[PDB]
Every structure is written in structure tokens, then in C-alpha cells.
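Worksheet: the structure to be examined is printed underneath.
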Amino acid sequence: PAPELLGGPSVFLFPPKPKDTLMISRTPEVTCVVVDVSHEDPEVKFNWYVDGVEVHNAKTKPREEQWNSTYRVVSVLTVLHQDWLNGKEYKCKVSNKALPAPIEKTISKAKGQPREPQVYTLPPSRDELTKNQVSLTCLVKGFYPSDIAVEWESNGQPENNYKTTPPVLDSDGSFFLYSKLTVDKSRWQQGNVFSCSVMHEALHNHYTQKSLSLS
Amino acid sequence: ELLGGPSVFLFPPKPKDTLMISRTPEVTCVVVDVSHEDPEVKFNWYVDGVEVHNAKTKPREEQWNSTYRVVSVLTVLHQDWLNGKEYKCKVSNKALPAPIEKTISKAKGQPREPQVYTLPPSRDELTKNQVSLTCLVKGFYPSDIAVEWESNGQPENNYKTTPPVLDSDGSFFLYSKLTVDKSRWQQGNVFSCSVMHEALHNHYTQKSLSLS
Ligand SMILES: *[C@@H]1O[C@H](CO)[C@@H](O[C@@H]2O[C@H](CO)[C@@H](O[C@@H]3O[C@H](CO[C@H]4O[C@H](CO)[C@@H](O)[C@H](O)[C@@H]4O[C@@H]4O[C@H](CO)[C@@H](O[C@@H]5O[C@H](CO)[C@H](O)[C@H](O)[C@H]5O)[C@H](O)[C@H]4NC(C)=O)[C@@H](O)[C@H](O[C@H]4O[C@H](CO)[C@@H](O)[C@H](O)[C@@H]4O[C@@H]4O[C@H](CO)[C@@H](O)[C@H](O)[C@H]4NC(C)=O)[C@@H]3O)[C@H](O)[C@H]2NC(C)=O)[C@H](O)[C@H]1NC(C)=O
Ligand SMILES: *[C@@H]1O[C@H](CO)[C@@H](O[C@@H]2O[C@H](CO)[C@@H](O[C@@H]3O[C@H](CO[C@H]4O[C@H](CO)[C@@H](O)[C@H](O)[C@@H]4O[C@@H]4O[C@H](CO)[C@@H](O)[C@H](O)[C@H]4NC(C)=O)[C@@H](O)[C@H](O[C@H]4O[C@H](CO)[C@@H](O)[C@H](O)[C@@H]4O[C@@H]4O[C@H](CO)[C@@H](O)[C@H](O)[C@H]4NC(C)=O)[C@@H]3O)[C@H](O)[C@H]2NC(C)=O)[C@H](O)[C@H]1NC(C)=O
Ligand SMILES: [Cl-]
């Protein structure tokens with residue numbers, strides 16, 4: 001059955017994916033999400049502002065039934081790459097009948113001097129070579145803001161069998177992370193060059209790439 | 001949902017404490033939003049269902065927001081927690097229509113032995129004043145672990161360890177990074193990544209790393 005929701009809906013406002021802001025070929029988005037919307041008063045009205053000035057290009061998604069008999073209602077505003085990076089503030093305003101006033105939320109990029117990531121690749125431990133799979137390692141560090149993207153490639157083709165860590169606040173107020181790519185030991189032993197690819201605003205052309213292979 | 005009354009939060013012990021026998025692990029039961037009007041709080045502590053006493057409860061402390069906070073701390077037997085015994089805090093108070101019960105215990109699932117490998121700095125980094133010594137730990141379960149860096153029997157200062165990340169096989173890995181001055185590296189001192197996990201012989205293993 002439906003819960004009581006005495007407080008009405010609530011808003012959450014997410015930023016663009018870091019890759020999207022950085023590659024001009026891609027489409028960056030802010031995403032305003034309203035939850036705890038009732039069946040009785042399910043209309044949500046959205047107003048979007050950039051640095052105070054209103055914009056109308058938002059896309060209006062259909063509402064979605066959740067497991068608790070409330071609606072999840074989203075508006076999505078595409079944005080320009082330079083604006084976000086320049087730190088324009090993106091304000092979502094939400095108006096629903098079950099509230100006494102509109103709820104406003106804002107999101108900009110983190111403030112603070114951006115810092116270039118230093119990218120280092122590290123081969124497998126001597127002790128891991130007994131295993132059938134090995135761990136190739138990419139360390140990204142001394143970067144700010146935390147917004148970053150990392151993938152792997154070999155010989156022109158993407159390698160997808162990796163996991164990257166969340167960024168970690170280092171002790172000089174920069175961030176670091178480790179990505180780890182698991183590959184078959186043969187592909188390593190054959191002499192194939194794998195590559196860490198890192199994307200971040202402080203990097204030249206938002207892109208750098210370190211390679212790594214048997215020696 | 002329970003609306004209008006004190007609230008209860010139950011905390012597990014530090015992993016490092018559950019593992020080493022020299023240390024004393026504790027389950028901590030915090031009660032907040034206790035009024036001055038009804039400030040008396042009764043703690044009942046159950047193990048697997050068996051009521052237990054010997055929990056050391058501290059006197060209530062006045063909070064900035066003018067509520068009271070109260071804490072009861074159960075000491076736990078290292079073995080008990082690992083064998084996975086359930087721990088229960090029952091909080092009674094007049095303001096509460098019915099008393100509040102919380103339970104916690106070690107995460108369920110088959111324990112799995114971490115592997116630990118140490119990675120010297122990348123050649124590229126040998127340019128810098130400081131450098132990164134990297135300890136990769138993976139294949140472990142549950143996610144509760146403890147990782148430290150050492151040299152000459154003493155803990156190293158400037159290191160940071162990522163949170164556990166869930167690998168594709170249902171195990172976790174992390175990475176721990178130690179920073180040092182290059183000189184210490186090249187004069188070829190020795191550094192040690194220590195790891196404490198439930199599923200290692202003596203809940204401990206360490207691996208060294210030195211210039212070569
Ligand atoms: C008046 O003022 C009061 C104080 O200012 C204020 O009290 C606060 O009320 C908050 C709620 O209203 C309460 O918020 C909870 O916070 C939980 C996390 O608390 C820890 O982390 C905080 C920092 O982030 C610390 O400040 C806290 O003190 C606490 O820190 C931990 O403390 C323990 C014990 O002290 C300690 O463990 C012990 O360590 C020692 C070492 O000395 C020993 O080794 C012992 O062995 C060991 O036990 C920890 O080290 C320490 N951790 C630190 C410092 O990091 C948070 O978990 C709660 O969130 C959950 O529940 C809410 C429901 O409210 C959910 O909305 C939320 O999503 C979380 O939900 C849970 O998630 C689980 C995991 O995902 C999930 O499995 C569960 O299903 C789910 N539900 C649960 C568990 O029910 C919550 O936010 C805050 O702690 C209170 N502050 C204090 C100091 O108690 C009060 O509100 C004010 N009142 C008014 C009216 O204004
Ligand atoms: C009924 O049913 C509903 C369906 O489940 C349920 O909805 C859920 O409601 C909760 C709130 O109760 C809401 O939780 C919030 O989640 C935020 C993160 O959401 C992410 O990640 C989760 C999983 O991690 C996803 O499921 C979400 O969908 C969302 O995914 C992102 O979505 C966007 C848009 O699609 C994508 O672009 C992203 O890629 C995608 N991410 C991922 C990983 O997939 C979380 O941030 C919120 O926490 C903050 O507010 C809390 C308030 O409850 C604070 O306690 C908490 O501290 C956080 O505070 C913030 O802290 C920041 C950093 O520390 C600060 O910078 C901020 O200033 C500060 N902000 C605030 C507001 O405090 C929050 O936990 C779920 O998102 C939501 N489910 C969905 C699907 O949206 C209803 O609640 C149910 N209700 C009832 C009554 O039963
Ligand atoms: Cl905790």
C-alpha cells in the first residue's frame with residue numbers, strides 16, 4: 001500500500017558524467033529527479049536556470065511507478081561543455097501540489113584550482129604470474145576535481161574487463177584512484193601493449209594515455 | 001514508521017579488533033533524541049537470543065541541540081563475532097510506545113583468502129621528489145579487512161587505502177598507496193604492506209617491497 005509521505009516529494013540533482021563534459025562529441029546532462037510523488041498529486045512542474053537565467057530545452061520523461069506506489073519523475077537538461085567546466089550553476093526548480101512552496105536545487109562543478117593527473121601504469125607482481133589471469137594497474141593521482149574517467153585499450157580495441165576505484169581524497173587535497181585490468185596471462189606473455197586512458201579537464205586535450213607491456 | 005521518540009543506532013566492532021587477540025572488540029549501541037522530560041534509558045543486550053549482562057553503559061551526555069545522548073558498550077569475544085553470532089540492543093524508554101530492537105553481525109557468506117601483491121613505483125614517477133609504493137589486495141571476502149604500511153618495525157605515516165571494490169567474481173579488492181621521499185626508496189630501504197583478514201593463517205600476512 002501507499003505510504004503517508006507527510007513531507008511530499010524530494011529532489012535530487014545529479015551532474016553530467018565526467019566523460020560527457022570532456023569529449024565535445026558527446027552530450028552532457030544534468031538530471032533533476034523527484035521522488036516520493038503521490039498518486040493523488042503526481043504532476044511535477046520543472047523550471048531550469050543557468051547562472052540565474054531561465055532555459056527551456058529540458059526534456060520531460062514519463063513518470064515511473066516504483067515498488068512503494070510512488071512516482072519517480074525526472075527532468076533532464078542538456079548542457080554546454082564550456083559552461084559546466086566554467087562552473088555555471090544549474091538550478092532545478094520543482095513545483096508539486098503536495099508542497100507549500102517550490103523546492104530549488106543547484107549544482108555546479110567543484111570549485112578550486114584544477115590539478116593535472118599524473119598517470120602511471122604498473123605491471124603484474126612477480127608473484128601473480130603463477131595465476132592464469134594477471135592484474136595490470138593504472139594509478140591516477142594528484143588531480144582536482146574528482147571528476148574523471150578511465151578506460152583501457154589494446155591494439156586499437158577497447159578492453160572492458162576492468163574495475164576502477166572511487167576517487168580517494170589524498171593528503172594534499174588532491175584525489176587519486178587505481179584502475180585494474182584483468183587479462184589472460186597469454187595475452188600478457190605474447191608482448192601485447194595495453195593502455196590506460198584518462199580523461200580530465202586539467203589534462204591537455206582532456207586526454208592522456210599510458211602504455212604497458214612485458215619487458 | 002516510528003515517529004516521535006528517541007532513536008537507536010548499533011555499531012559493529014573494528015575489524016582489526018575482531019582479528020588480533022591483543023585487542024578488545026566492542027559492539028556499540030547509541031541512543032539519541034532522548035528528552036529531559038523522560039531521560040531514563042534501559043539497555044537490554046542479547047547474544048543469539050541469550051540475554052547477557054556485563055555491558056558498560058555511560059552516563060547520559062547533554063547535547064548541543066539540548067537532547068541527551070546515551071551509549072552502552074558490549075565487549076565481544078573475538079571468536080563469537082567471526083563464528084557470526086548475532087548481537088542485539090534493546091532500548092526501553094517511556095517516550096517509546098514500544099521498545100526498540102536493533103541487530104547486527106558479521107556479513108554472511110563464504111570467507112575467502114586475500115592475495116597480496118606489492119608494486120614498486122613506475123619508472124615514470126622516479127622523476128619526482130616523492131614516489132608511490134602500491135599494495136594490491138584482492139580476492140577477499142568478506143569486505144572487512146585491515147591494511148597498513150610499515151618499515152623498521154614502525155608504522156609509515158603518509159599512506160592512503162581505497163575502499164573495497166566488488167570485483168566481478170563476488171570477491172573484493174582494494175589498493176593501498178604509500179608515499180615516500182625518493183631518497184628512502186633509492187637508498188633501498190624496505191617497506192611492508194601488512195594485511196589483516198579473517199581468512200588468513202593467524203589473520204595476518206605481510207609482503208615486503210624494496211628497490212632492486
Ligand atoms: C541532536 O544531536 C545529535 C548529535 O549531534 C544528533 O544525533 C545524530 O542523529 C543522527 C540521526 O538523526 C545519526 O545519524 C546516523 O549516523 C549514522 C552514522 O553514525 C556514525 O557516523 C557519524 C559520522 O558520519 C558519526 O558522527 C557518528 O557518531 C557515528 O560514528 C560512529 O560511532 C560509533 C560509536 O560511537 C563508532 O564505532 C565504534 O568505534 C569504537 C572506536 O572508538 C570501537 O571500536 C567500537 O567497537 C565501535 O563500535 C564508529 O567508529 C563511528 N564512526 C565514524 C566516526 O565514522 C548512520 O549510519 C545513520 O544512517 C543510517 O540510518 C539512517 C536512518 O536514520 C538511514 O537514513 C541511512 O541511510 C543509514 O541507513 C542504514 O544504512 C545501512 C548501511 O547502508 C543499512 O544496512 C541499514 O538498513 C540502514 N538503517 C539502519 C542502520 O537503521 C544515521 O545517519 C547520528 O549518528 C547521530 N549522531 C550521533 C553523534 O550519534 C541528533 O540527530 C540531534 N537531534 C535532533 C532532534 O536534532
Ligand atoms: C520509494 O521508492 C523510491 C524508489 O526507490 C525511493 O527513491 C529513493 O529515495 C532515496 C531518498 O530516500 C534516494 O536516495 C538518494 O540517493 C542519492 C544517490 O542516488 C543515485 O544513486 C542511487 C544508488 O546509489 C541510485 O539508485 C539513484 O537512482 C541515483 O543514481 C544516479 O542517478 C542519476 C540520474 O539518473 C545518474 O546520472 C547517476 O549515474 C546515478 N548514479 C548511479 C551510481 O547509478 C544520494 O546522493 C542521496 O544522498 C544525499 O541526500 C541524502 C538524503 O536522504 C543524505 O542522507 C546523504 O548524505 C546525501 O547528502 C548529500 O551529500 C553530498 C556528498 O556528501 C553533498 O554534496 C550534498 O549536498 C548532499 N545532498 C543532500 C540532499 O543531502 C540520497 O541518499 C534514491 O535516489 C531514490 N531512488 C531513486 C531510484 O532515485 C523512495 O525514497 C522510496 N520512499 C519511501 C518512503 O519508501
Ligand atoms: Cl561504523
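The way I read the labels, and the way they are meant: chains A, B, ... in the order of the C-alpha cells, residue 1 as the first residue of every chain, and ligand 1 as the first ligand shown, with later ones counted on from there.
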(request) Could you list, as an MDAnalysis selection string, the residues of chain B having an atom within 12 Å of chain A when counting only C-alpha atoms? (result) chainID B and resid 1 3 115:128 130:139 157:169 172:179 207:209
Atoms to include: C-alpha atoms. Write the selected residues as a PDB file, in the first residue's frame.
```pdb
ATOM      1  CA  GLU B   1       7.452   4.180  10.701  1.00  0.00           C
ATOM      2  CA  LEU B   3       7.602   8.807  14.559  1.00  0.00           C
ATOM      3  CA  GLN B 115      46.036 -12.287  -2.068  1.00  0.00           C
ATOM      4  CA  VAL B 116      48.561  -9.525  -1.522  1.00  0.00           C
ATOM      5  CA  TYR B 117      50.987  -8.228  -4.116  1.00  0.00           C
ATOM      6  CA  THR B 118      53.324  -5.273  -3.875  1.00  0.00           C
ATOM      7  CA  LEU B 119      54.090  -2.964  -6.811  1.00  0.00           C
ATOM      8  CA  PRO B 120      57.129  -0.754  -6.978  1.00  0.00           C
ATOM      9  CA  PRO B 121      56.806   2.743  -8.416  1.00  0.00           C
ATOM     10  CA  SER B 122      56.543   3.251 -12.108  1.00  0.00           C
ATOM     11  CA  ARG B 123      59.825   4.293 -13.703  1.00  0.00           C
ATOM     12  CA  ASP B 124      57.971   7.467 -14.858  1.00  0.00           C
ATOM     13  CA  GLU B 125      57.438   8.568 -11.231  1.00  0.00           C
ATOM     14  CA  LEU B 126      61.170   8.206 -10.333  1.00  0.00           C
ATOM     15  CA  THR B 127      61.361  11.801 -11.681  1.00  0.00           C
ATOM     16  CA  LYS B 128      59.521  13.199  -8.642  1.00  0.00           C
ATOM     17  CA  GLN B 130      58.033  11.697  -3.582  1.00  0.00           C
ATOM     18  CA  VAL B 131      57.044   8.258  -5.012  1.00  0.00           C
ATOM     19  CA  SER B 132      54.319   5.648  -4.772  1.00  0.00           C
ATOM     20  CA  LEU B 133      54.599   2.201  -3.311  1.00  0.00           C
ATOM     21  CA  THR B 134      51.483   0.285  -4.060  1.00  0.00           C
ATOM     22  CA  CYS B 135      49.935  -2.701  -2.266  1.00  0.00           C
ATOM     23  CA  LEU B 136      47.229  -4.566  -4.164  1.00  0.00           C
ATOM     24  CA  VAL B 137      44.969  -6.796  -2.152  1.00  0.00           C
ATOM     25  CA  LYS B 138      42.256  -8.807  -3.912  1.00  0.00           C
ATOM     26  CA  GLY B 139      40.180 -11.973  -3.952  1.00  0.00           C
ATOM     27  CA  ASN B 157      52.916   7.938   8.092  1.00  0.00           C
ATOM     28  CA  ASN B 158      51.662   9.003   4.680  1.00  0.00           C
ATOM     29  CA  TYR B 159      49.577   6.295   3.102  1.00  0.00           C
ATOM     30  CA  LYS B 160      46.004   6.019   1.916  1.00  0.00           C
ATOM     31  CA  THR B 161      43.949   2.943   1.117  1.00  0.00           C
ATOM     32  CA  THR B 162      40.980   2.843  -1.256  1.00  0.00           C
ATOM     33  CA  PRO B 163      37.686   1.414  -0.135  1.00  0.00           C
ATOM     34  CA  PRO B 164      36.891  -2.186  -1.033  1.00  0.00           C
ATOM     35  CA  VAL B 165      35.620  -2.573  -4.572  1.00  0.00           C
ATOM     36  CA  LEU B 166      33.497  -5.536  -5.634  1.00  0.00           C
ATOM     37  CA  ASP B 167      35.384  -7.500  -8.324  1.00  0.00           C
ATOM     38  CA  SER B 168      33.412  -9.437 -10.948  1.00  0.00           C
ATOM     39  CA  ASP B 169      33.662 -12.783  -9.086  1.00  0.00           C
ATOM     40  CA  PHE B 172      36.646  -7.597  -3.348  1.00  0.00           C
ATOM     41  CA  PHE B 173      39.905  -5.824  -3.979  1.00  0.00           C
ATOM     42  CA  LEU B 174      41.485  -2.612  -2.802  1.00  0.00           C
ATOM     43  CA  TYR B 175      44.687  -0.737  -3.364  1.00  0.00           C
ATOM     44  CA  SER B 176      46.723   0.901  -0.645  1.00  0.00           C
ATOM     45  CA  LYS B 177      49.212   3.609  -1.587  1.00  0.00           C
ATOM     46  CA  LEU B 178      52.262   4.590   0.423  1.00  0.00           C
ATOM     47  CA  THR B 179      54.046   7.822  -0.431  1.00  0.00           C
ATOM     48  CA  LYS B 207      54.774  -8.623   1.990  1.00  0.00           C
ATOM     49  CA  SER B 208      57.861  -6.556   1.616  1.00  0.00           C
ATOM     50  CA  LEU B 209      58.990  -4.289  -1.175  1.00  0.00           C
TER      51      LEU B 209
END
```
(request) as number ranges by chain, please: all residues of stretch 8-107 of chain A that backbone DSSP puts in helix (DSSP H, G or I). (result) A: 18-22, 81-86
(request) Enumerate as a PyMOL selection string the residues within 10 Å of ligand 1, counting only C-alpha atoms and all ligand atoms. (result) chain B and resi 4-18+23-35+62-76+102-104
(request) Could you tell me, counting only C-alpha atoms and all ligand atoms, which protein and nucleic acid residues lie no more than 8 Å from ligand 2, written as a list in words? (result) residues 3, 4, 5, 10, 11, 12, 13, 14, 15, 16, 17, 30, 31, 32, 33, 34, 35, 36, 66, 67, 68, 69, 70, 71 and 72 of chain A
Taking C-alpha atoms for each residue, export the selection above as a CSV table (one decimal), in the first residue's frame.
```csv
chain,number,residue,atom,x,y,z
A,3,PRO,CA,3.0,5.3,2.4
A,4,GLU,CA,2.0,8.5,4.1
A,5,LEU,CA,4.5,11.0,2.6
A,10,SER,CA,12.0,15.3,-2.6
A,11,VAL,CA,14.5,16.3,-5.2
A,12,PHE,CA,18.0,15.0,-6.2
A,13,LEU,CA,20.1,16.8,-8.8
A,14,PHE,CA,23.0,14.9,-10.5
A,15,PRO,CA,25.8,16.2,-12.6
A,16,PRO,CA,26.9,15.1,-16.1
A,17,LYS,CA,29.0,12.1,-16.5
A,30,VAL,CA,22.1,17.5,-15.6
A,31,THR,CA,19.3,15.3,-14.2
A,32,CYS,CA,16.6,16.5,-11.8
A,33,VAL,CA,14.9,13.7,-10.1
A,34,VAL,CA,11.8,14.0,-8.0
A,35,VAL,CA,10.8,11.1,-5.8
A,36,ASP,CA,8.0,10.5,-3.2
A,66,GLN,CA,8.1,2.5,-8.0
A,67,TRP,CA,7.9,-0.6,-5.7
A,68,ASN,CA,6.3,1.6,-3.0
A,69,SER,CA,3.5,3.0,-5.1
A,70,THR,CA,5.1,6.4,-5.6
A,71,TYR,CA,6.2,8.0,-8.8
A,72,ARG,CA,9.7,8.9,-9.8
```
(message) With only C-alpha atoms as the counted atoms, please give the residues lying no more than 9 Å from residue A:160, apart from itself and same-chain residues fewer than 4 positions off, as a ChimeraX atom specification.
(response) /A:151-153,181
Include C-alpha atoms and write out the residues we just selected as a PDB file, in the first residue's frame.
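And here is the file that came out, part-v3.pdb:
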```pdb
ATOM      1  CA  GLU A 151      39.204   3.041 -19.605  1.00  0.00           C
ATOM      2  CA  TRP A 152      41.631   0.566 -21.183  1.00  0.00           C
ATOM      3  CA  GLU A 153      42.701  -0.274 -24.784  1.00  0.00           C
ATOM      4  CA  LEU A 181      42.502  -4.656 -15.786  1.00  0.00           C
TER       5      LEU A 181
END
```
(request) Find the spatial neighbours of residue B:92, counting only C-alpha atoms, within a cut-off of 7 Å - ignore same-chain residues fewer than 2 positions away - and output them as a ChimeraX atom specification. (result) /B:41-43,90,99-100
(message) At a cut-off of 12 Å, using only C-alpha atoms, what residues contact residue A:22? Leave out same-chain residues fewer than 4 positions from it and give the result as a PyMOL selection string.
(response) chain A and resi 16-18+26-28+79-85+147-149+198-207
Prev. selection, N, CA and C atoms, output as a PDB file, in the first residue's frame:
```pdb
ATOM      1  N   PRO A  16      26.617  15.946 -14.886  1.00  0.00           N
ATOM      2  CA  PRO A  16      26.937  15.145 -16.060  1.00  0.00           C
ATOM      3  C   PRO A  16      27.984  14.107 -15.751  1.00  0.00           C
ATOM      4  N   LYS A  17      28.006  13.070 -16.580  1.00  0.00           N
ATOM      5  CA  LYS A  17      29.032  12.057 -16.471  1.00  0.00           C
ATOM      6  C   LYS A  17      30.292  12.784 -16.859  1.00  0.00           C
ATOM      7  N   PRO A  18      31.405  12.477 -16.175  1.00  0.00           N
ATOM      8  CA  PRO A  18      32.655  13.183 -16.452  1.00  0.00           C
ATOM      9  C   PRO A  18      33.123  13.046 -17.885  1.00  0.00           C
ATOM     10  N   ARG A  26      30.277  14.331 -27.371  1.00  0.00           N
ATOM     11  CA  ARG A  26      29.263  13.727 -26.523  1.00  0.00           C
ATOM     12  C   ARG A  26      28.298  14.735 -25.921  1.00  0.00           C
ATOM     13  N   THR A  27      27.218  14.212 -25.357  1.00  0.00           N
ATOM     14  CA  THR A  27      26.148  15.069 -24.825  1.00  0.00           C
ATOM     15  C   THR A  27      26.042  15.065 -23.271  1.00  0.00           C
ATOM     16  N   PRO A  28      26.530  16.133 -22.631  1.00  0.00           N
ATOM     17  CA  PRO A  28      26.412  16.242 -21.166  1.00  0.00           C
ATOM     18  C   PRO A  28      25.006  16.670 -20.651  1.00  0.00           C
ATOM     19  N   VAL A  79      23.439  20.322 -21.555  1.00  0.00           N
ATOM     20  CA  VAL A  79      24.220  21.478 -21.210  1.00  0.00           C
ATOM     21  C   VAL A  79      25.390  21.594 -22.145  1.00  0.00           C
ATOM     22  N   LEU A  80      25.957  22.791 -22.211  1.00  0.00           N
ATOM     23  CA  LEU A  80      27.152  23.021 -22.960  1.00  0.00           C
ATOM     24  C   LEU A  80      28.377  22.704 -22.135  1.00  0.00           C
ATOM     25  N   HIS A  81      29.370  22.122 -22.805  1.00  0.00           N
ATOM     26  CA  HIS A  81      30.625  21.658 -22.188  1.00  0.00           C
ATOM     27  C   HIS A  81      31.418  22.804 -21.533  1.00  0.00           C
ATOM     28  N   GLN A  82      31.640  23.893 -22.253  1.00  0.00           N
ATOM     29  CA  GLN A  82      32.399  25.014 -21.680  1.00  0.00           C
ATOM     30  C   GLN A  82      31.717  25.596 -20.411  1.00  0.00           C
ATOM     31  N   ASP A  83      30.375  25.585 -20.372  1.00  0.00           N
ATOM     32  CA  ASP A  83      29.628  26.247 -19.295  1.00  0.00           C
ATOM     33  C   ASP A  83      29.859  25.529 -18.016  1.00  0.00           C
ATOM     34  N   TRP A  84      29.643  24.220 -18.084  1.00  0.00           N
ATOM     35  CA  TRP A  84      29.832  23.365 -16.920  1.00  0.00           C
ATOM     36  C   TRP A  84      31.244  23.528 -16.396  1.00  0.00           C
ATOM     37  N   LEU A  85      32.220  23.282 -17.265  1.00  0.00           N
ATOM     38  CA  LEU A  85      33.633  23.449 -16.926  1.00  0.00           C
ATOM     39  C   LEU A  85      33.955  24.840 -16.393  1.00  0.00           C
ATOM     40  N   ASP A 147      36.319  14.726 -10.769  1.00  0.00           N
ATOM     41  CA  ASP A 147      35.576  14.267 -11.930  1.00  0.00           C
ATOM     42  C   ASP A 147      36.566  13.747 -12.937  1.00  0.00           C
ATOM     43  N   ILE A 148      36.453  12.464 -13.256  1.00  0.00           N
ATOM     44  CA  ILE A 148      37.463  11.810 -14.082  1.00  0.00           C
ATOM     45  C   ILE A 148      36.868  10.540 -14.697  1.00  0.00           C
ATOM     46  N   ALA A 149      37.542  10.039 -15.735  1.00  0.00           N
ATOM     47  CA  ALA A 149      37.100   8.861 -16.453  1.00  0.00           C
ATOM     48  C   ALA A 149      38.325   8.093 -16.882  1.00  0.00           C
ATOM     49  N   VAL A 198      43.006   8.188 -19.680  1.00  0.00           N
ATOM     50  CA  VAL A 198      42.498   9.006 -18.610  1.00  0.00           C
ATOM     51  C   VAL A 198      42.002  10.309 -19.174  1.00  0.00           C
ATOM     52  N   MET A 199      40.837  10.739 -18.694  1.00  0.00           N
ATOM     53  CA  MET A 199      40.212  11.952 -19.195  1.00  0.00           C
ATOM     54  C   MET A 199      39.826  12.873 -18.058  1.00  0.00           C
ATOM     55  N   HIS A 200      40.321  14.108 -18.126  1.00  0.00           N
ATOM     56  CA  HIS A 200      40.153  15.075 -17.032  1.00  0.00           C
ATOM     57  C   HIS A 200      40.510  16.503 -17.519  1.00  0.00           C
ATOM     58  N   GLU A 201      39.811  17.513 -17.018  1.00  0.00           N
ATOM     59  CA  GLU A 201      39.920  18.862 -17.608  1.00  0.00           C
ATOM     60  C   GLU A 201      41.335  19.437 -17.576  1.00  0.00           C
ATOM     61  N   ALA A 202      42.023  19.284 -16.448  1.00  0.00           N
ATOM     62  CA  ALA A 202      43.438  19.646 -16.329  1.00  0.00           C
ATOM     63  C   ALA A 202      44.429  18.943 -17.276  1.00  0.00           C
ATOM     64  N   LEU A 203      44.017  17.861 -17.930  1.00  0.00           N
ATOM     65  CA  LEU A 203      44.846  17.213 -18.933  1.00  0.00           C
ATOM     66  C   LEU A 203      44.757  17.892 -20.297  1.00  0.00           C
ATOM     67  N   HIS A 204      45.880  17.944 -21.008  1.00  0.00           N
ATOM     68  CA  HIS A 204      45.885  18.528 -22.333  1.00  0.00           C
ATOM     69  C   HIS A 204      44.970  17.708 -23.211  1.00  0.00           C
ATOM     70  N   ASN A 205      44.061  18.424 -23.891  1.00  0.00           N
ATOM     71  CA  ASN A 205      43.018  17.839 -24.733  1.00  0.00           C
ATOM     72  C   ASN A 205      42.198  16.883 -23.950  1.00  0.00           C
ATOM     73  N   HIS A 206      42.026  17.165 -22.676  1.00  0.00           N
ATOM     74  CA  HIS A 206      41.263  16.265 -21.814  1.00  0.00           C
ATOM     75  C   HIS A 206      41.624  14.791 -21.923  1.00  0.00           C
ATOM     76  N   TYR A 207      42.830  14.471 -22.383  1.00  0.00           N
ATOM     77  CA  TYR A 207      43.160  13.082 -22.688  1.00  0.00           C
ATOM     78  C   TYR A 207      44.634  12.822 -22.590  1.00  0.00           C
TER      79      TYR A 207
END
```
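Proximity ranking of B:144, B:78, B:170, B:205 relative to ligand 3 places B:144 first, based on only C-alpha atoms and all ligand atoms.
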(message) Considering only strand (DSSP E) as DSSP defines it on the backbone, what residues of stretch 62-186 of chain A qualify? List them as JSON, numbers by chain.
(response) {"A": [64, 65, 71, 72, 73, 74, 75, 76, 77, 78, 90, 91, 92, 93, 94, 95, 96, 103, 104, 105, 106, 107, 118, 119, 120, 121, 122, 133, 134, 135, 136, 137, 138, 139, 140, 141, 142, 143, 149, 150, 151, 152, 153, 154, 157, 158, 159, 162, 163, 164, 168, 169, 175, 176, 177, 178, 179, 180, 181, 182, 183, 184]}
